[PDB]
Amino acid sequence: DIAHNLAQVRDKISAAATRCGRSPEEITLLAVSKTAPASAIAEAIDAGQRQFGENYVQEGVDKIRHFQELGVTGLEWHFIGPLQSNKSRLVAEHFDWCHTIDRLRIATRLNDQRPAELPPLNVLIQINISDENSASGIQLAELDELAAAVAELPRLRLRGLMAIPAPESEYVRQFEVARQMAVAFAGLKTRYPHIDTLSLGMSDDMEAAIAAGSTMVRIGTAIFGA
């Protein structure tokens, strides 16, 4: 049951934050609903969840339109999958956040495709921190350059960083990789305005990411099931 899973996940988040001396309010739960049907999202919505993460543009847009047709207010939709140039218009027209900025041309497209009547699209820059098998995300060495370029796009708002670390079994490495992101995040916060979002941690590494300094865990299966 989705309402039960939501409350439980939220308890683990709340425990994990206070144990490491953090207010639980600091951590946002992003309910990842890729491969969940709109009916499962509706259950989470009714239980109070407002923030949802989608990986595949067209399915995400279908879910967004479904709930617009119902009139549901206060939802916040995060695109967290890799963004292809031929589908960037759909993200710019329908989503509130995009976590996967890893090249300037895609961010310029998003900027130029964002309808004028909408507020700026909130974006995160994606770091490939530890995954030699992913083509998504930049190296940390490229961050200062890309962040400066993206920060000038007036139809976007740079909010921080996202990473999908390579999967790790040892809690030690989970923490250590998450800390590299946390360190990059704090360094970025010392010069850029409104840097407040570090999208870091999934179901299996949630405690390490929070201890490392994540502000936003992306939880799918522990909420919606397989």
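So that there is no doubt, residue numbering starts at 1 and follows the sequence shown.
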Given the B-factors recorded for C-alpha atoms, which segment has the greater mean, 80-88 or 136-144? 80-88
Mean C-alpha B factor from the entry: is it higher for 15-23 or for 198-206? 15-23
Choose from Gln51, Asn55, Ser169, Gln180 the residue with the greatest Cα B-factor as stated in the PDB record. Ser169
Pick out which of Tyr192, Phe67, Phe175, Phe185 has the highest C-alpha B-factor in the PDB entry. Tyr192
Sort the modelled residues of this chain by their C-alpha B factor and say whether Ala40 lands in the lowest, middle or highest third. middle
Once the chain's modelled residues are ordered by C-alpha B factor and cut into thirds, is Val72 in the lowest, middle or highest one? middle
In terms of its chain's C-alpha B-factors, the third that includes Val150 is the lowest
How does the C-alpha B factor of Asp131 compare with the rest of the chain: lowest, middle or highest third? lowest
Would you mind ranking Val61 by its C-alpha B-factor against the rest of the chain and naming the third, lowest, middle or highest? highest
